[PDB]
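Undergrad: before I ask anything, here's the sequence and the deposited coordinates:
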Amino acid sequence: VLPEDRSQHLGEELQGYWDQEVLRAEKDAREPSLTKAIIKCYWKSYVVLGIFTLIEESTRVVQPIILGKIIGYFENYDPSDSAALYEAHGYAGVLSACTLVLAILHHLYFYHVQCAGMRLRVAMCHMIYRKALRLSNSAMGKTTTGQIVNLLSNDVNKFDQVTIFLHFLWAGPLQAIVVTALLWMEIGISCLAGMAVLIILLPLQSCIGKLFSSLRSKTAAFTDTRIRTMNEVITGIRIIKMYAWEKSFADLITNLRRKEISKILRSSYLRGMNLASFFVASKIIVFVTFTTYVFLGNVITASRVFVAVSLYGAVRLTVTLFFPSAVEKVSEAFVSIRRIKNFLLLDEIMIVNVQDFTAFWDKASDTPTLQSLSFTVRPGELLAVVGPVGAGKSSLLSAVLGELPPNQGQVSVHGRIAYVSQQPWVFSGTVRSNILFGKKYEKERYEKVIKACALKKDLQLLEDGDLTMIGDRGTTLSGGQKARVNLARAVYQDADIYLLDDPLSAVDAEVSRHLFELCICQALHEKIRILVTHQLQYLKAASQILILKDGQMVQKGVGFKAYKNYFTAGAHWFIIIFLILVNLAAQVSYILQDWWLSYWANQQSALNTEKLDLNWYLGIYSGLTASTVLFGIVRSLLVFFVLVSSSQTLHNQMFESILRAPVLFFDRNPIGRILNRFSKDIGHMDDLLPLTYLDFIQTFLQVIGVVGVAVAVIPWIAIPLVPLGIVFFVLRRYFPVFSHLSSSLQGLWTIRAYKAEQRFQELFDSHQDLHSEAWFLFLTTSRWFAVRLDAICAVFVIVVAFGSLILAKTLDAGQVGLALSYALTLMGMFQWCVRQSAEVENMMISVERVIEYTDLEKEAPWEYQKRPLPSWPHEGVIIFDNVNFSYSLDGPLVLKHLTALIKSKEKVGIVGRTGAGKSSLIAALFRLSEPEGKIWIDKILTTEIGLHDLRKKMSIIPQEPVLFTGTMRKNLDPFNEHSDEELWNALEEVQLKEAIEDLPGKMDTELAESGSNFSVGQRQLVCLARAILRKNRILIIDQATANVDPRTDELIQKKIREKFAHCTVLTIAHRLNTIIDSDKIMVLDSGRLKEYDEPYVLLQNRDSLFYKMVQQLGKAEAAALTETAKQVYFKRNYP
Ligand SMILES: CCCCCCCCCCCCCCCCCCCC(=O)O[C@H](COC(=O)CCCCCCCCCCCCCC)COP(=O)(O)OCCN
Ligand SMILES: Nc1ncnc2c1ncn2[C@@H]1O[C@H](COP(=O)(O)OP(=O)(O)OP(=O)(O)O)[C@@H](O)[C@H]1O
Ligand SMILES: Nc1ncnc2c1ncn2[C@@H]1O[C@H](COP(=O)(O)OP(=O)(O)OP(=O)(O)O)[C@@H](O)[C@H]1O
Ligand SMILES: [Mg+2]
Ligand SMILES: [Mg+2]
């Protein structure tokens, strides 16, 4: 691609014009206008293209007048007049030349208009992503990932369209008055009856633009919420599967898709009426006129009638097709412009020192989120930030980071920030790539980071080392691995100010102090550090400590199978056969109406007072017209019905297939690869493909009509038609960005912290330039074929023109008028037919990409033919018998020979280093991959019942808390199976009631994207609230309180003891104080169960792993734990 067409030279041009308009609007006291910016940018390039229009359009309108001179040779033909035949060969010559001129002008126009659109689309995409990197937290509340995907996927694709047709808004009306002027000299006042139709149709067609834009806007809304819901399914699929919530999301998507389709059906009918107009309007017009002509007392004769029909034919495209499509495309596009505009207008964002600082995350809040803060920290000092869940600790880092601006007071910072976010940010690549983050590789400093971040061991267990591939969100890594990678990245950048948001809570006690001592103290020793932490064990190493409570400071110290499927998915084969019949019936009645004028002309020519019975000729002419109109309407609406019904059916199968795909599918496919189907491809199948099919079907049958008429009038045309057909056969025989966007929006504060924004912009522009080469290669190959197909068509028009004059002794004037009027329409229709063919064939790739996702590999059936009795589980015994587990068949085993019994009502702790396989045990139990060996739950094999039979009966609290966009009520109870008093009881028991009663909607409060209103500790408490509302014998807890402070933890621990007393409970926990009272503790290393015994019995073996683990916490910690273990063990031995 030339530099002038690159995504970063584009985009920067239009951003300049946008900024100028924004700057002028404030001087004008206006609101800015994006249309205006577009115009100012492009106009000089685009208005010139109208020259092509003007030349072509003028050349079309003279051809009928030349046709009148040759028809007027057959009419009153004298075979003596060799001089007249020589002149007639002259006029056929000029038609041959005009045909070639029109052919080159069509390609020159259509190429450039396409390019124009591509430019506009590419420039817009750049500006949208540039804006996304600048959005404030306020703006990120007013928009969502699904909207931005929608913007970049479907809204900007309107820009491809606009540029095509836009010159026809004046060429249409202009042609309509020119043809009328012309017609006046052929048929007199009678032509006025034709203008009487156009002065109706064209204003009606234009005035309908308000419908298109209102329908579009309405549609657009539902696409945003649908794509957003797909995004939170695809990123939430593990938690959705473990909860068995698939049916709730299916109902929600189905209703949004139903609302959305109701507007697509409306619009499609409008669209369909336009293409019916293209077919029938000309027939209406010539009927109206010639009825008037015969009522005023003229008689039908070949030269006047067929020049008039040909005149209409010369305008037909421009007026009847191109003009309405223009209004359509433009009124549709102004919505895209308004959508984009609104986006573009959204809000945009050595020492550390803070003074008098007060700030609000939302100005509607009654209370500040930080109040009267002052502190300062300087090189070599470590400041610990301590306090409850929701106290403001991450808010403090966001104040230093500049993401929460002061309402009063001030902040000043000098030096580069390194930000270690509370949720780890990990993106697709190798784990080496995630650590380097654009810095050069240098072995000595890199290996020092790998050991300092406690990461050397894990990388030696992996087969491909630090070059192992990682998924779009790190879903292939355990929690404490994605934490260590997130910290190792920060160390490698060698920044000046480190902002550490609870980096240690996802790792084991040994790895925790390894990171603190070797990374946070020793490696970063010379640097400013602010450490948000609950690990009170380390605070003695801090230079100063800040305690926050309640927001304030407390203290400081294409195959045919695809085509077959696409049509047959829409309707039963009877409707498809009927649809074929009305297509043929429309085109046959179309031809017979024009043959009837040819026949009427010949009868009038045969007469001598004698006159034709007008009741017969005008009667039959009326019938054939009404027949053509009737089938034209039915044919146009029925195609839209079948193909939208096909898109609706193929979507449902694709979505059902996705919900039954195994989690391995989502680990191996990028999120953007999936959203591309549901956003872009479904968009084309709904909006654009049905229209383009009907347009091709109409024009293709019209082309066949020309060849049929030409051969039927002049049989010897069949001789050259064989070579032309052979050449036609010879030619035919010879002839992701959304994952990057999603990653960028997740990492946005960290990307801004390191000032990586330019490098991220360059990646986006590089990706757009790749798609641009694919677009230019498609255009270049399509043009190469099109310019040769036109050479076949041009020869056909030439041999029918001259063949008429060679064979003239066999012809009659009405017959030549018929054959050549059709021939003159051929090439303009033939060109558009070939264009719409190429776009259909291109868009069928979208259909294949959708069909392949209808046929994904399936996770096992949700209900088998065998089902457990409703009493099951009735004891909650779980037996693991020689279990082995791997997340893929081609991959390593992560659990080996695992063999254990869990008794009824037993409480079991699960313990061991990061990456040991602890959460892998839950994935086996839930059959997220199918285990080897055997697992028995109350004497039923988990593998002999359906995936909802077991998953519904096991409560889970996952390692990652996921909340969904919606009400707080729906996040607790999506099925509406509980009363509000039960939800409030849950919210009291998880210490969260006051935090919800402060919200203005209370439980009807709408949560932001991914639950962003809440701190991470609060999102953990909501997952415990979900699990309290379910009622099951078996509960699984995975690190459910790791981000919850100790004084909140001891309360929810007490409630867990009280509420789940009758359950069998499995608890994975690094925070050993939460599990020291277990009945038995499993200790895992390297995927093996090494110890499984009573807590005190483990600790009295000084060579055990568990004795080492409690001892690593420190002497007072080990004393408290060993005492607690001894006490519970003695109490178990007293009875
Ligand atoms: C013998 C035939 C004689 C008549 C031929 C002309 C037909 C029009 C006659 C005027 C009376 C009929 C109604 C006119 C429109 C009324 C206002 C509603 C417009 C509307 O709903 O649709 C518009 C679509 O474009 C349009 O509707 C565009 C219509 C353009 C008409 C001709 C303009 C000539 C100049 C073109 C210059 C092009 C230069 C290109 C380089 C804009 O949609 P919206 O309102 O929803 O959008 C913003 C949403 N927020
Ligand atoms: N992006 C946000 N938008 C609006 N409110 C927020 C946002 N993030 C946090 N809050 C609110 O600000 C207050 C403090 O949240 P904050 O995240 O600072 O708590 P925290 O100290 O990080 O708790 P944790 O220990 O779980 O990290 C809470 O009331 C929380 O609901
Ligand atoms: N989706 C996955 N696909 C393939 N392998 C995975 C996947 N998730 C985790 N692993 C591998 O599984 C092993 C164990 O991961 P697991 O989550 O069971 O460790 P863990 O005990 O939960 O560590 P943590 O204390 O951080 O929770 C890891 O070493 C990792 O290599
Ligand atoms: Mg926090
Ligand atoms: Mg885990």
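TA: Perfect, thanks for sending it. Numbering: from 1, shown residues only. Ligands and ions are numbered 1, 2, ... in the order given.

Undergrad: in the protein, which helix is the longest?
TA: Among the segments of the chain that qualify as a helix by DSSP state H, the longest is helix 82-134.

Undergrad: enumerate the positions of the helix or strand that comes right after it that are buried.
TA: With elements assigned by DSSP states H and E, the helix or strand that comes after helix 82-134 is helix 139-142. Judged by neighbour count using 16 or more other Cβ atoms under 10 Å, the buried positions of helix 139-142 are 139, 140, 141. (C-beta placed from N, C-alpha, C; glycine too.)

Undergrad: want to throw those into CSV with distance to residue 359?
TA: Converted to CSV, the buried residues of helix 139-142 look like this (distance: Cβ to Cβ, whole Å):
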residue, distance to residue 359
139, 17
140, 17
141, 16
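
Undergrad: can you get me a residue count around residue 870?
TA: Using other Cβ atoms under 10 Å as the criterion, residue 870 is surrounded by 6 other residues.

Undergrad: the closest residue to residue 906 other than its chain neighbours: neighbour count?
TA: Ranked by Cβ to Cβ, 6 or more residues apart in numbering and with sequence neighbours excluded, the top spatial neighbour of residue 906 is residue 1079, at 5.1 Å. Using other Cβ under 10 Å, residue 1079 is surrounded by 16 other residues.

Undergrad: one more: the one 4 residues further on?
TA: For residue 1083, the count of nearby residues is 21 (other Cβ under 10 Å).

Undergrad: also the one 10 residues further on?
TA: With neighbours defined by other Cβ under 10 Å, the count for residue 1093 comes to 15.

Undergrad: in the sheet, who's paired with it?
TA: residue 1081 (DSSP bridges).

Undergrad: thinking it is in contact with residue 1082, fair?
TA: No: under the criterion of Cβ atoms under 8 Å, residue 1093 is not in contact with residue 1082, lying 9.1 Å apart.

Undergrad: stretch 951-961: which residues count as buried?
TA: In terms of neighbour count (16+ other Cβ under 10 Å), stretch 951-961 has its buried residues at 951, 953, 954, 955, 956, 957, 958, 959, 960, 961.

Undergrad: for the second one, give its distance to residue 918.
TA: Taking Cβ to Cβ, to the nearest Å as the measure, residue 953 falls 22 Å from residue 918.

Undergrad: what residues does the stretch 951-1100 of the chain put near ligand 5?
TA: Near ligand 5, the residues belonging to the stretch 951-1100 of the chain are residue 959 when assessed by Cβ under 5 Å from the ion.

Undergrad: how about a cut-off of 6 Å?
TA: Contacts of the stretch 951-1100 of the chain with ligand 5, taken as Cβ under 6 Å from the ion, map to 959, 1038.

Undergrad: does stretch 471-479 reach ligand 5?
TA: Yes: contact check for stretch 471-479 against ligand 5, using Cβ under 6 Å from the ion: residues in range are 478, 479.

Undergrad: got the buried residues for that stretch?
TA: 471, 472, 473, 474, 475, 476, 477, 478, 479.

Undergrad: doesn't residue 431 make contact with the first one?
TA: No: with contacts defined as Cβ under 8 Å, residue 471 does not count as touching residue 431, sitting 11.2 Å away.

Undergrad: alright, I will stop here.
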